[PDB]
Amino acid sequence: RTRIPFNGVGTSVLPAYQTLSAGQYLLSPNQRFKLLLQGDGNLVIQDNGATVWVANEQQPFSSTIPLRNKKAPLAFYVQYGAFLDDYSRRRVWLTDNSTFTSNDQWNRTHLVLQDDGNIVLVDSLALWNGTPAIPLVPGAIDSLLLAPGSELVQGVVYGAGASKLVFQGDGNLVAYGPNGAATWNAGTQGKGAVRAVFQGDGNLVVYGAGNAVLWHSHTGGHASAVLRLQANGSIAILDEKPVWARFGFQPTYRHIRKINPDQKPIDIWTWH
């Protein structure tokens, strides 16, 4: 497959096979960090407007090889690994990802600029997307993550910024957006719902009386998935793993999500 021009300037994610051009940039969800391809061929990260990182030979787990083709436009893109074509320096700067497991990874691996200023290549699969019209926004300290095996106790309001997820008194399971309107619901109100759980097997289920299944996300069989509610009202179940990062990452290290002091996971990757 071939690349298309990037069109998500200001978002936190650069999808696979999309060309990032000079003057284009990513922003972490919290707006603090910016990943910018400068007109002079330097790919840079800025912290509150100040360069704190530059893509070069000194970056651990990256390679630089010659670019012979003088016709190659200044461009940055992801094709499993990340590549920077900079003919002004006869160079291609690229990431040394961890060992690939399948060709599929080329289609689902994208780059994210996290709220902690790290850039991370993430092999990302949306198993279920309850709110397709709302953009997925990875790397936000804002987001609510639930690990498999989490009970949604009835009446408790789980928050993500101004958004919320609630297994309500009427038995409906509802996600509310920042404007207070519902972005998604299971439609289980008044059907006798007793229990709502993101199960260990990665399935989100609303149960009625006698363990009758009232609704489920059909995502069973994925114990590594997480349920994410975003501050923008998005709700989805995703199976994800990092395959590269500018810091923290090591090819042999075990990947894991940072945790709140409250033992809850956040949408930030770290290693070993």
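Numbers for residues come from their place in the sequence shown, where the first is 1.
- According to the PDB record, 67-75 carries the higher mean C-alpha B-factor of the two stretches 67-75 and 182-190.
- Looking at 130-138 and 191-199 together, the entry lists the larger mean B-factor for 191-199, computed on C-alpha atoms.
- As recorded in the PDB entry, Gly49 shows the highest C-alpha B-factor of the residues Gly233, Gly49, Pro29, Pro242.
- When the C-alpha B-factors of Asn97, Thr109, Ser88, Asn118 are read from the PDB record, the largest value belongs to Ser88.
- Per the deposited record, the Cα B-factor of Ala16 falls in the lowest third when ranked against the other modelled residues of its chain.
- Among all modelled residues in its chain, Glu151 ranks in the highest third by Cα B-factor.
- Sorting the modelled residues of the chain by their CA temperature factor places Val205 in the lowest third.
- Among all modelled residues in this chain, the alpha-carbon of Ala212 has a temperature factor (C-alpha) in the highest third.
- Ranked by C-alpha B-factor against the other modelled residues of its chain, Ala223 falls in the highest third.
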